[PDB]
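Chains as they are written, first to last, in the authors' numbering: chain A, 0 to 347; chain A', 0 to 347; chain A'', 0 to 347; chain B, 0 to 347; chain B', 0 to 347. A prime marks a further copy of an entry chain.
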Amino acid sequence: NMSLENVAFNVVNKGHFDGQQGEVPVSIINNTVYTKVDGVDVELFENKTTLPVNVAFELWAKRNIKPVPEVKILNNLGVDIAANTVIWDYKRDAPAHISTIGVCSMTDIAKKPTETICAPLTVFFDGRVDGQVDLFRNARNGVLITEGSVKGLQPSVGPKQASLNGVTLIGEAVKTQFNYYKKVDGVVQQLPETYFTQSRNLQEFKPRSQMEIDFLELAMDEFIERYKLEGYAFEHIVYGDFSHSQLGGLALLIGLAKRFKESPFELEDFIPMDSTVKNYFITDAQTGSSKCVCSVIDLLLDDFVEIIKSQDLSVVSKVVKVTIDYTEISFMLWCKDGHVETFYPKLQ
Amino acid sequence: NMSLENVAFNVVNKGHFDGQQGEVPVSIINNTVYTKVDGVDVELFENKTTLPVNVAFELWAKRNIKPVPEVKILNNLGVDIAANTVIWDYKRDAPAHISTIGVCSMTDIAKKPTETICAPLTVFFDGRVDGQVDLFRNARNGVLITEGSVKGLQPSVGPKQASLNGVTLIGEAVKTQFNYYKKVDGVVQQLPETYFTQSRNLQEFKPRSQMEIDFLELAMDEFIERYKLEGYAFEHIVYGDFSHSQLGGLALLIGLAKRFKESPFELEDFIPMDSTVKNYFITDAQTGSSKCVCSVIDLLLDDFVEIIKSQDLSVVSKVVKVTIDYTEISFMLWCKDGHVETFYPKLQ
Amino acid sequence: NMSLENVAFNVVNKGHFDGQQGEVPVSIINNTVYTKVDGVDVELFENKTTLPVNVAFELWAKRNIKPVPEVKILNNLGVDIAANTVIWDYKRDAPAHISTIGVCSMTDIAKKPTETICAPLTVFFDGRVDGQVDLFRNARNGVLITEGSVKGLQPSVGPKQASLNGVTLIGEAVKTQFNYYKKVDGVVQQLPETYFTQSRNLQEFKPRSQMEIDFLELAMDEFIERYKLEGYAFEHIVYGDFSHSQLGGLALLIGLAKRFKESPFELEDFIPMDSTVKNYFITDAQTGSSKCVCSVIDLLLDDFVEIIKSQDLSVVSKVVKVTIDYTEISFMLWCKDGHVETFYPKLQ
Amino acid sequence: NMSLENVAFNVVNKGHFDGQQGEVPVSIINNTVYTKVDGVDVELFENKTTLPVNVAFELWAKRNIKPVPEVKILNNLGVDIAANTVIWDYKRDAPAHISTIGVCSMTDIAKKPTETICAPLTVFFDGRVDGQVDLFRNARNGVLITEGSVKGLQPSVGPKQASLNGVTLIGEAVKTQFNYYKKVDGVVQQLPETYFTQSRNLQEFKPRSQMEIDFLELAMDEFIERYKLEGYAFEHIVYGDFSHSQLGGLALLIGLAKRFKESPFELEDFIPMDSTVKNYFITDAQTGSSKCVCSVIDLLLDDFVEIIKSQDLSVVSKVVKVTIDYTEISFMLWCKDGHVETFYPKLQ
Amino acid sequence: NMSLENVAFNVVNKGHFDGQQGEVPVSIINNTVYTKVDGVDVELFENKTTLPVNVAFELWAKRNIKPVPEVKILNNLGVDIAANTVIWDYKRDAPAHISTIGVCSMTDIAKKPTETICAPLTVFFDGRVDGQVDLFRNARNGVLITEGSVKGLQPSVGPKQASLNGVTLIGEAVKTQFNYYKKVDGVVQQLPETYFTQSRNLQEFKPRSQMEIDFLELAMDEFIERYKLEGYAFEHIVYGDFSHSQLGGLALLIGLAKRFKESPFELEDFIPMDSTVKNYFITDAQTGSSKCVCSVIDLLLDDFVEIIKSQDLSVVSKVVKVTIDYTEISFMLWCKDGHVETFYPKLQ
């Protein structure tokens, strides 16, 4: 049944593996898969993974092409493997998980999730597929997503957005907001209250609240007065300090978005991966201000304002724990004379 | 005469092989050609082909840098090899043809096209080069292009555009529209009536007719009324249906061009090559609508309108054959109650 | 002390080597450095150099992240090696110099610049680092940069701009204009009068003088009259001739910048490196005019006007020598009937 | 602590990892580890594995250099991973097991065998190391070897021979015969009665019994008469039939050993690995007789005689199951008129 | 039908492709084919060819495993391609011919030899396979081998020996001497009278005539007298001159064979390929005599004696043409005073 030439047949005719019969000639060289079309070789897939070229080619061809959770969400929930599907990490151009379950013979540790080898693993189940909700009930450790209610299980509302072929979006003609469920050692877990990152980027940044709309349109002094943000160091934390050689603050993506429309700068994504907290080496082209490690998070500005207004400001410095994307992000809060000095995310 | 160090000499001084004498030091590593400039290695060429690095480097250096036919045209005409030149496929970043004739010692099957080994092959001749028109007369199988008339041979007008260093353009200070001629087994062939693709792209799409101008500026309902297109399913075929999870229709490049200026979308060119019919995996970022295989063709809208108005609409479904770029493209025409349901290009 | 796993620790936590203790797991494959993050491999660095992957990874991690001279300046001054730092060539994505001094064990020829092996080499010293000015006094061959005066040494003012993490800029919150000093065989050299290139690019070209502002806004005939440039062939040399198949002139970057905003064109940087004179294979998309070797230089228009008005125009053709970026650039000046025919930079 | 440069220090000074402090400079290229010795690079390790070069270098450096069970024995017992050691497969020049336990950060699934991830795996414990017997008692699945008695556990006597640095030997100044113990899902298993292969090769074949001594010294007809082997087809099964184009029988290594001293032949070990039954493509140089699949096993001739004399010969053909090296080897027994026609091992 | 995983199934079960159904998991890396056996990867084939790894793996698996002509014979006859089989060159560990006919989809230029593309090529036909003799009759250019008579065709007797799995042998239980036939442009050719090389090697050299037996057993002076070889410079041509720094003569393999049993020497086969005349760089370990280019041929000593006695010795130097292995070998004959000075094969 399964064969390399058959996988390439599906790619050239269906753009991915669709379970069609047929074979096309394949040549493998330079960590790349080629197929001969009318006597000339045409590249189909360049292996950017640590797996053998033919294996990653098969896993990429069999990737999930439906709206799926972003890898950072699955990582924060501790998912180790997916049930009968492949979650493709488009940030790394590699499969999001090492092993597979009933997908590819070279990476399979099992054919079905109920096998013994899958017991200590947090298997990801998709309720939109038949029988996977029931498989979640019988799994020792697992994470389940659904579009609607699950009888006898308390749900946790996930993010509004999901990944569709590497494009993060809030679905309009399709459903991207799921119900999340988790089991540990046979015991269903109650997921905590959590904020969610917006998963936006600088070039295509769009405001998602009237507070964010006012932040981008209005000036710094005018915005801080309107939302009564005196004493919270928004000039440093959000807008960023560019007067010195060392860049100060600038930890919210919306603050970088406002700056980029005025003046450009360089963001070095030295760990190209999906994470709730991103680390960038930033170099400002206009002034020369730079910082080796700029921890950046894309929170809705209303959510960040709700957090910063919810802290005690009578201590020089302390640790603030905030559950974001189902993981605890430890912040360092600095205060002086009852007002916020600085407030930034840490490495890990 | 021929040497690797001499080829690199021409590249660093002439940008390509110009037949100049001289040698520069060359080091080959990581499927890439380097040259030492003032004690440091500088990359000259990264081999993206299935040929050895030094051979593809020589063929790329000796590529034709004059306006030449697009590879899709040469493929549709069945060209297997070029006479004393190299047609470089910039879509694949590889030579458009396997073997050569009197160009590179490693790929040469012959020095001149009149040799015996070139008889069963469709050799491409360029009338702008001296003696190549006469060589075409004496060749068994061949394809000839000229700027003017050829005495005693009936011509076929080719496309307006040609490729100049990988840039498709309609020449203004240079001639890009050629006369085409073909011989099979010593017999001159009469090339059929054919449409020609426009070879445009989304980002730089420009209208080339008043009908195309009206299509991009006016709305869907207003455009269909002006050109009396009721009953031909232009809303589905050309404008595209985005209300469902499966994208419907959207097979003309001009329809994608109008959509992209409003909302962005992803086009996955999973077979990166020059072809009359292109296949894309499309993912709409705004709605979430997607389709694994979206057959796309860039016809002048007047040409597509002429075709769709030239069919019989009394059958549920049938095959429509249209000669485009000198090749037969088979379409699937669906009709209901005397009007067009859908109409799309097939795989191959 | 030094180790591959420790270097990767600094990269994932500090974006570069910062001298921190710690180790992260590293796997090397496909000429690329990977690290395991939560069970999956994440790429840290793809070796684009001719050095072993681990060595170039260490040198890139230890690159200088302060405003440093552009490589073309250091090359024109004959620098062979840097003292206790790594100048990273972002044009080639490789270290700007072969060997190192007290940086990396695999590339070190010495630990300190005063060793015997460093005597015949032009060592680069940075006065902003303690003791490097005094080390320059005791070096046989060397180049020194400072922000202020050096007691007992006559300075040479360098360019306004410097490179900060591969971004060329004129510093505003940091100092990018240095004083330059050079010694040959123990004898301090007097650097000649020189122009400086502006190191701009087409997409982000910005005028830096009222003459340049008038050049971009005004028309060709209107600009030549305002600055009294009749008889100097600015239509050909600066604006470029596109009426023929062979592109004529067009050797100043500002002339290409004005053209690109009107019509696009292709620039093939077939020697990707930092140099005072750049060579491009240009293909005009609008007209089809092209030229294999287009020598391009980015001089301030006032500087180029000062040069062209400073020549004798009574000879058919002769060589004009101009010291630019501390190197002699030989120009070919063609004149007819007392006016300039053409004037262009040569290869090397 | 752990580093690539530290591992290479141990290799150049101790031949393997000995836990010594120090670092030597290392360059990685061509899937090979090099170190600079007096200014020149010297190869330390060529990666013959499917793991990254640096990882296999660390695992090979930390391989077990004491007498350890042969890989075929561990595979037949279902061992998946070793506890705090590396069993190196010298037949494949690769580690015998995928993952490790407390050995290498890149391959470790756990630090100690008692962790949860090691529960479903058959972990190999070495009783000669402190605490590994007690760890076996508390492990869910495991295989244990000891030199002496284990209190409260019934032993299974293993082979006389063990592997020391890829050299199979019966220890004289060291102990190579161990007691074997196995647990499955917390339940200790009783290992069955089993024969053991001799693990010899053709070039260095030595007889290990007077029957084997008589087999090599005496002739075919003389040997069969002495041990009363009439009717068991030893001429075909053991001595081999070379009169026809297809080689017949010849399934015992001792039969090939006798033949090789007389006439040479080619053995293509097309699956180079340690297994109880080996498959060779044999081509006889003297006669031209060949056979694509010759299943070969190296049993003590007395053991094979004991087996063949313990079967019923009243059936045309049937399957005979024999437990060898703790695994069931299925044989095909063919008989005619109450005597053995042929008898050979199967594929798997 | 055809697939990489199916080919690997045949290799692990049949040692080569036998047309069996089944698939085994395959991983491709390091220009090598691996398969997973009991959880570990086992190497199946290391690509030593210039073809992609998977293609050479398929061609090697489908190689001809019957007695086939040696590659040097097929090359001298101008064979370009084989009909529905693969002649494997074991000297180069690569396929003997570039393209194939009805064998591998990636290398096939045609499915059957009667197609048009196979007309200008010298296709090799094997009369032992049904219909291949009749296909030879209808082929334009071809070479045919048979074991018996071919009706209506005059035969040419080939060598006594043939290659069986890279082992050259004179068949005893199988037929290795064939009848040779050749057609050029539809015209059957009469193959000339030719000698044949013995295709022996030094280590396993065996005399094949009483003259060769006397040559190895007797001394130099005694052998020349017995066969009346005075005046033919056999001391220099055959025995070799080792008294000087430049080795003199020594062009017959039998002369090197006699020397190697006495004293060892180094033979550098710097073009490792099958050819009638071999070129070796020889370094004598006993004396220090060496020669960069020693052209060596392995003729039966009786054949060389017949040749050298059939020449005119009245010219200082001239060219002697001898047809060996169906190709003209040009010799240089030097004579002085009516006796042979020297006589050696040339380069090509």
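Virtual Cβ for every residue (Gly too), placed ideally from N, Cα, C.
Task: Strand pairing of A/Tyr194, partner residues [DSSP] - done: Beta-bridge pairing links A/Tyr194 to A/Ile323.
Open item on the list: Less than 9 Å between CB atoms is the rule here; does A/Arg258 satisfy it with respect to chain A''?
Closed with: Not an interface residue.
Task: Host alpha helix (DSSP H) of B/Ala256 (start-end) - done: 252–261
Task: Closer than 9 Å to chain B by CB, A/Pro119 - done: yes
- [ ] Compare the C-beta of A''/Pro66 against all C-beta atoms of chain A and say whether one is closer than 9 Å.
- [x] yes
TODO: Check the Cβ-Cβ distances between A/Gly165 and every residue of chain A'', and say whether any is below 9 Å.
DONE: no
- [ ] Using DSSP bridges, identify the partner residues of B'/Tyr226.
- [x] In DSSP, B'/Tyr226 forms no bridge with anything.
Task: The beta strand (DSSP E) enclosing A/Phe124, as first and last residue numbers - done: 122–125
Open item on the list: Measuring straight from C-alpha to C-alpha, what distance separates B/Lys111 and B/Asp324?
Closed with: 29 Å
- [ ] Have a look at A''/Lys260, A''/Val166, A''/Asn137, A''/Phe123 and flag the residue whose alpha-carbon is nearest the alpha-carbon of A''/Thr145.
- [x] A check of alpha carbon separations from A''/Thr145 across A''/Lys260, A''/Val166, A''/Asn137, A''/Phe123 identifies A''/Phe123 as the nearest.
TODO: Could you work out which residues of chain B lie near A/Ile100, taking near to mean beta carbons separated by less than 8 Å?
DONE: Within 8 Å Cβ-Cβ: nothing; A/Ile100 doesn't reach chain B, min ~14 Å.
Task: Local Cβ density within 10 Å of A'/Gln153, reported as buried at 16 or more and exposed below that - done: exposed
Open item on the list: Using C-beta distances below 7 Å, list every residue in its chain close to B/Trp59, excluding the 5 sequence neighbours before and after it, in chain order.
Closed with: Close CB contacts of B/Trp59 within its chain, under the 7 Å cut and outside five residues either way in sequence, are with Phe44, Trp87 (chain order).
Task: C-beta neighbour in chain B' for A/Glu4, strict 9 Å - done: Under the 9 Å criterion on CB atoms, A/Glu4 is classed as interfacial with respect to chain B'.
- [ ] Kindly confirm or deny that the region 64–75 of chain B' and the region 265–281 of chain B' touch, where touching means at least three C-beta pairs closer than 8 Å.
- [x] Between the region 64–75 of chain B' and the region 265–281 of chain B', the count of Cβ pairs shorter than 8 Å is three or higher; the stretches touch.
Task: B/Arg139 - DSSP class collapsed to helix/strand/coil - done: Here DSSP, grouped into helix, strand and coil, assigns B/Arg139 to coil.
- [ ] Identify, in the order they occur along the chain, each residue of the same chain with its Cβ nearer than 6 Å to the Cβ of residue 351 of chain B, setting aside the five sequence neighbours on each side.
- [x] Because chain B is modelled from 0 through 347, residue 351 of chain B falls outside the range shown and cannot be assessed.
TODO: Jot down the residue ranges of each uninterrupted alpha helix (DSSP H) in the region 70–128 of chain A'', minimum 4 residues, whole runs only, in chain order.
DONE: 70–75
Task: Rounded straight-line distance, which links the Cα of A''/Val10 to that of A/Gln347 - done: C-alpha of A/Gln347 to C-alpha of A''/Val10: approximately 14 Å in a straight line.
Open item on the list: Going by beta-carbon coordinates alone, are A'/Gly38 and A''/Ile97 separated by less than 9 Å?
Closed with: yes
Open item on the list: Please report whether the beta-carbon of B'/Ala55 lies at a distance below 9 Å from any beta-carbon of chain B.
Closed with: no
Open item on the list: For a contact defined as C-beta to C-beta under 9 Å, what are the partners of B'/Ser162 on chain B?
Closed with: Those within 9 Å of B'/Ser162 in chain B number zero; the least Cβ separation is about 11 Å.
Task: Beta-carbon proximity of B/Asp283 to B/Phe264, cut-off 9 Å - done: yes
TODO: With 7 Å as the C-beta to C-beta threshold (strictly closer), list the residues of the region 23–36 of chain B' near chain A' in chain order.
DONE: none
Open item on the list: Please identify, using Cβ separations under 8 Å, the residues of the region 81–115 of chain B that lie next to chain A, in order along the chain.
Closed with: Taking 8 Å as the Cβ-Cβ cut-off against chain A, the residues of the region 81–115 of chain B that qualify are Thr115.
Task: A'/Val321 vs A'/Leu249 beta-carbon contact at 9 Å - done: Cβ atoms of A'/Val321 and A'/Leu249: not closer than 9 Å.
Open item on the list: Strictly under 9 Å for the Cβ-Cβ distance: is B/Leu50 near chain A'' by that measure?
Closed with: yes
TODO: Can you tell me which of A/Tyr33, A/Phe56, A/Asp92, A/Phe16 puts its alpha carbon nearest to the alpha carbon of A''/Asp40?
DONE: A/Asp92
Task: Those residues which DSSP pairs with A'/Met210 across a bridge - done: Partner(s): none; A'/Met210 has no beta bridge.
Open item on the list: One question on the structure: do A/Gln176 and A/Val156 come within less than 9 Å of each other, judged by their Cβ atoms?
Closed with: When the beta-carbon positions are compared, A/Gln176 and A/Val156 come within less than 9 Å of each other.
Open item on the list: If you follow the alpha helix (DSSP H) that A/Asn200 is in, where does it begin and where does it stop?
Closed with: No alpha helix (DSSP H) holds A/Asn200; DSSP gives it neither H nor E.
Task: Spatially closest choice to A''/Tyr279 from A''/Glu4, A''/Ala232, A''/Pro271, by CA coordinates - done: A''/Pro271
Task: Residue range of the unbroken alpha helix (DSSP H) whose run includes B'/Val276 - done: From DSSP, B'/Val276 is part of no alpha helix (DSSP H); its letter is neither H nor E.
Task: A''/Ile306: first and last residue of the uninterrupted alpha helix (DSSP H) it sits in - done: 300–307
Task: Residue burial classification, A'/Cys103 (beta-carbon count within 10 angstroms, cutoff 16) - done: buried
- [ ] Check the Cβ-Cβ distances between A/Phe16 and every residue of chain A'', and say whether any is below 9 Å.
- [x] Look at A/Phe16: its C-beta is not under 9 Å from any C-beta on chain A''.
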